[PDB]
Enquirer: 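Have a look at this one before I ask anything.
Values below: all heavy atoms of this structure, side chains included; hydrogens, waters and symmetry mates excluded. Naming convention: chains lettered A, B, ... in sequence-line order (proteins, then strands); numbering from 1 in each chain. In each ligand, atom 1 is the first atom listed, and ligand 1 is the first ligand listed.
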Number of protein chains: 2
Amino acid sequence: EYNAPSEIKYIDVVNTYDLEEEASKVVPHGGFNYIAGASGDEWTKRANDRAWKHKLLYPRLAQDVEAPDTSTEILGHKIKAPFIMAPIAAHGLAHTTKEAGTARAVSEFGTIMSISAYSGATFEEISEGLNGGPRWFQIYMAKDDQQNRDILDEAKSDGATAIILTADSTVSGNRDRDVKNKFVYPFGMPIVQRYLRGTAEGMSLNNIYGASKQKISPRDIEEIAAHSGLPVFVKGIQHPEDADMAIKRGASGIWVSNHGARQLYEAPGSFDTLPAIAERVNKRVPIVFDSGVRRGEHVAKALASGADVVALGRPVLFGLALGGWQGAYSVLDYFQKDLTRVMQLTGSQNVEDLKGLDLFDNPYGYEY
Amino acid sequence: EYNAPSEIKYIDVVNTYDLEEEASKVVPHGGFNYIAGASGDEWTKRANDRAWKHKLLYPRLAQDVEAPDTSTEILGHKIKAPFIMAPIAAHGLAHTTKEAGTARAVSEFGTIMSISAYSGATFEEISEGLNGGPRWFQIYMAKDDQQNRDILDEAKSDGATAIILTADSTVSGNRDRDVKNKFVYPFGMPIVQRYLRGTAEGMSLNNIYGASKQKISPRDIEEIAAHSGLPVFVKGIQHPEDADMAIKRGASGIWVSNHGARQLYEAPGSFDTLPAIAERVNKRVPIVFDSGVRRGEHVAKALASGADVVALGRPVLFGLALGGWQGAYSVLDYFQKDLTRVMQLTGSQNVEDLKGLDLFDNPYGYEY
Ligand SMILES: Cc1cc2nc3c(=O)[nH]c(=O)nc-3n(C[C@H](O)[C@H](O)[C@H](O)COP(=O)(O)O)c2cc1C
Ligand SMILES: Cc1cc2nc3c(=O)[nH]c(=O)nc-3n(C[C@H](O)[C@H](O)[C@H](O)COP(=O)(O)O)c2cc1C
């Protein structure tokens, strides 16, 4: 019923935008539009991308810099570059090796794998791809407390070193592409099957989101943190008040995100929200930033604006479609090399120097 | 020929402003004006004080807070409240127990003592007051590198766990009170018995800042940062570019200060400089803030604006000025209790919560 790409190969990445059109040629139409699409007419996905032009980098000269070092550390994980893999459902829509292929790319590159609760691969299949590499587990909460305890226990037993509480998808965004394509998952989700009584095959993402917890409160952040004894990130924050609340409720990290514009429509581009959240967090917990990172310049601008790392999403999945783990790896390698150039030209010898950059305010925005 | 007060007692501190007028009816005019005075007509000392009215606290209701905890940690020192003692020369101008008295107050209260290179007490006298309490050593950059090696070794032998490189004093401020009083130190500086070649008493104030390094460079920051084997704070920073330079040169901390307005005249109030510096530092190293902290509200505002801790100066010395005397352990206890009240009224359970406060921008400034 669904013929995902299966080829494994490295790819020469000139830029990540060209990956979308290239992946559209190999991924079945429904699955491709599920990955690529966003809410409404995609104005907020375009805002995620255009937001990068609001704050511009300065080249700096005679900075006494050579061979920049992209390495960093988050929550006692040394990682090769200040980016991690975002939790994304259903990698089998992009490639037959699915989450095992993404996990292999992430572990081979040397950063953190985020596992979606809506993975099409089992923990065992992902663990094989990770080969001991670090992993964080993203929970889409069951309504039943005991199922959450069981899901958290499974993830920590698999070796999770943080929990990502995604709270921005209590209902689906208005994803017009998936509505027009009448898109359903063509395979099961082994980690959350328990609270879908039946199977996730042939279900819409409405009824799967529907089966998850709508009435998430701060108590949920407390209780995940107490049960897991792991640091909890709260993912989907765009308003600084939610960051303050999440920290006061026991979060160990803030994950600034609008879900790649797949949720609330006619909202700001995610990067525009970051400085106000970073100023409110004021160093209390680490910040992960995502939603629209496409270039090394974007990684640099996020760090300059208060993020400790960024999370990568669609570009990595498009690489997986085009080359399996080697194609996904190629995208991670592109971001690392792209950032190294940006570090050299900005006078940045290391990731801490990036955090110290001043940005040029562009009040004209995209058209200039 | 200097009759400092010698009485030891607790004092009922209603506010720290009243401590300045209290003291001078045995408490010598010249030394009082050395402690209290500032550059020019003291407009920038007034600016340090009025800057607190630029950013106002909001009371925050039904915040689920009681028994706030003022404890915090800096460079792995757990301290009772988020304030430390600033490095101040010549405590014997305020009281016969001099730096040993201050050290005993600081150690008994449970925070960090900063030792001025221009202490009138030997390290062994201060050590007796400290009774194993944590201490940081404040240096000036010597022209003679042997003198930099010598004082860094003295620091480490004396159990310092950080070095404070004061940079903002390569020459003296235009301190009109000391000029009009023809003020001379009435005692020696035993710690820096190695620089002044001739006599310490014979050198008034302009010759002592002259015997030290005028030509401080980043390499000075780097060299202290290398010989010390201790974290180095660079003290006197008011411009964000200096904070970025200092960190790139190996500083382990930024100490935002204008030296209590005793140095450059017709400069901003210190608190007005803090947010630009905190934004540029962007979590890379801890920030100590000083110059004008008089109230618990000031400690809260500094933390809300990016400082990890504040340093206290003149109010702790107030064993000296204008009337009948007051300043010590009672002053540290005042600041702790005052901060606890502010925490309760702002909805802050702990020092991290203070770092998340939003402040009201007052564009009308002091006269409102
Ligand atoms: C196909 C797809 C599926 C996603 N599924 C999840 C999910 O299972 N869990 C989650 O927390 N976020 C999910 N997200 C959001 C991502 O974690 C991330 O926020 C987003 O991909 C970032 O935007 P970008 O990829 O355009 O840069 C998904 C995003 C995509 C594109
Ligand atoms: C009497 C006096 C002497 C000082 N001596 C020194 C010094 O030896 N070393 C130094 O780094 N700063 C010195 N300072 C500056 C203090 O460390 C601190 O920045 C200042 O007291 C803070 O301002 P405030 O006390 O008005 O709040 C001195 C300040 C005063 C009032």
Enquirer: Relative to ligand 2, is B/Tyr140 under 4.0 angstrom through side chain, backbone, both or neither, heavy atoms considered?
Expert: side chain
Enquirer: Pull out every atom of ligand 2 sitting under 4.0 Å from any heavy atom of B/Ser116, numbered as shown with elements.
Expert: 7 (C), 8 (O)
Enquirer: Short list, please: which atoms of ligand 2 are under 4.0 Å from a heavy atom of B/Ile35?
Expert: 1 (C), 31 (C)
Enquirer: Kindly indicate whether the side chain of B/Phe335, heavy atoms from C-beta on, has any atom under 4.5 Å from the side chain of B/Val299.
Expert: yes
Enquirer: Can B/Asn15 and B/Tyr334 be counted as having a side-chain donor-acceptor contact under 3.5 angstrom?
Expert: no
Enquirer: Can you tell me which portion of B/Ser257 lies within the under-4.0 Å heavy-atom range of ligand 2? Options are side chain, backbone, both, or neither.
Expert: side chain
Enquirer: Only heavy atoms count here, so choose which of A/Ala36, A/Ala311, A/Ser291 is nearest to atom 22 (C) of ligand 1.
Expert: A/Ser291
Enquirer: Relative to ligand 2, is B/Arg314 under 4.0 angstrom through side chain, backbone, both or neither, heavy atoms considered?
Expert: both
Enquirer: What verdict does the side-chain contact (heavy atoms from CB on, under 4.5 Å) test give for B/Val316 and B/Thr102, after you've listed the backbone C-alpha separation in whole Å, the side-chain angles of each residue and the deciding distance to 0.1 Å?
Expert: CA-CA 8 Å; B/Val316 179; B/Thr102 305; 4.2 Å; yes
Enquirer: Report the nearest protein non-hydrogen atom to atom 12 (N) of ligand 1: residue, atom name, distance rounded to 0.1 Å.
Expert: A/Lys235 NZ, 2.9 Å
Enquirer: Hey, is ligand 1 close enough to A/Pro315 that some N/O pair sits below 3.5 Å?
Expert: no
Enquirer: Taking distance alone, with N or O pairs closer than 3.5 Å, would you say B/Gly292 contacts ligand 2?
Expert: yes
Enquirer: Just do the side chain to side chain donor-acceptor pair (under 3.5 Å) check on B/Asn181 and B/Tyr34 with the steps written out, would you?
Expert: CA-CA 9 Å; B/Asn181 288 333; B/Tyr34 167 84; over 6 Å; no
Enquirer: Do B/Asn258 and B/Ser291 pair up side chain to side chain, a donor and an acceptor below 3.5 Å, judged on atom types alone?
Expert: yes
Enquirer: Going by the order shown, which atoms of ligand 1 are within less than 4.0 Å of some heavy atom of A/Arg294?
Expert: 24 (P), 26 (O), 27 (O)
Enquirer: Tell me, with the steps shown, if A/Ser270 and A/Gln238 meet side chain to side chain donor-acceptor pair (under 3.5 Å).
Expert: CA-CA 7 Å; A/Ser270 183; A/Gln238 297 281 273; 3.2 Å; yes
Enquirer: For B/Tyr118, is at least one N or O under 3.5 Å away from an N or O on ligand 2?
Expert: no
Enquirer: For B/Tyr34, take its heavy atoms, then give the atoms of ligand 2 lying under 4.0 Å from any of them.
Expert: 1 (C), 3 (C)
Enquirer: Out of the candidates B/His95, B/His91, B/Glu20, only one should pair with B/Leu317 under the side chain to side chain contact (heavy atoms under 4.5 Å, CB included) rule; please name it.
Expert: B/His91
Enquirer: For ligand 1, which atoms have a heavy atom of A/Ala89 less than 4.0 angstrom away?
Expert: 3 (C), 4 (C), 5 (N), 6 (C), 7 (C), 8 (O)
Enquirer: For residues A/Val331 and A/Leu19, determine if any side-chain heavy atom of one lies less than 4.5 Å from a side-chain heavy atom of the other.
Expert: yes
Enquirer: Would you indicate which of B/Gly260, B/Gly313, B/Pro87, B/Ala38 comes nearest to atom 16 (C) of ligand 2 when only heavy atoms are counted?
Expert: B/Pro87
Enquirer: For atom 9 (N) of ligand 2, what is the nearest protein heavy atom, given as residue, atom name and distance?
Expert: B/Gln138 OE1, 2.9 Å
Enquirer: Run B/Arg295 and B/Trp52 through side-chain contact (heavy atoms from CB on, under 4.5 Å) and show every step you take.
Expert: CA-CA 10 Å; B/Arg295 294 182 180 281; B/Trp52 300 114; over 6 Å; no
Enquirer: Examine the proximity of ligand 2 to B/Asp290 and report which part, side chain or backbone, both or neither, has a heavy atom under 4.0 Å away.
Expert: side chain
Enquirer: Just by modelled atom types, is the A/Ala121 backbone N or O under 3.5 Å from a matching donor or acceptor in the A/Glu99 side chain?
Expert: yes
Enquirer: Under a 4.0 Å threshold between the charged nitrogen and the carboxylate oxygen, would B/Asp220 count as salt-bridged to B/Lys213?
Expert: yes
Enquirer: With side-chain contact (heavy atoms from CB on, under 4.5 Å) as the criterion, how do A/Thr111 and A/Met85 come out once you've worked through the C-alpha distance, each side chain's angles and the decisive distance to 0.1 Å?
Expert: CA-CA 8 Å; A/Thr111 194; A/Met85 185 60 210; 5.8 Å; no
Enquirer: Under 4.0 Å from a heavy atom of A/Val293: give me the atoms of ligand 1 that qualify, with their elements.
Expert: 27 (O)
Enquirer: Is A/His259 close to ligand 1, meaning an N/O of one under 3.5 Å from an N/O of the other?
Expert: yes
Enquirer: Could you tell me which atoms of ligand 2, counted from 1 in the order shown, lie closer than 4.0 angstrom to a heavy atom of B/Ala86?
Expert: 17 (O), 18 (C)
Enquirer: For atom 3 (C) of ligand 1, what's the nearest protein heavy-atom neighbour? Residue, atom name and distance, please.
Expert: A/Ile88 CG2, 3.6 Å
Enquirer: How about B/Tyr140 and B/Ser169: does a side-chain donor come under 3.5 Å of a side-chain acceptor?
Expert: no
Enquirer: Consider every N or O of B/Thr166 and every N or O of ligand 2, then say whether any pair is closer than 3.5 Å.
Expert: yes
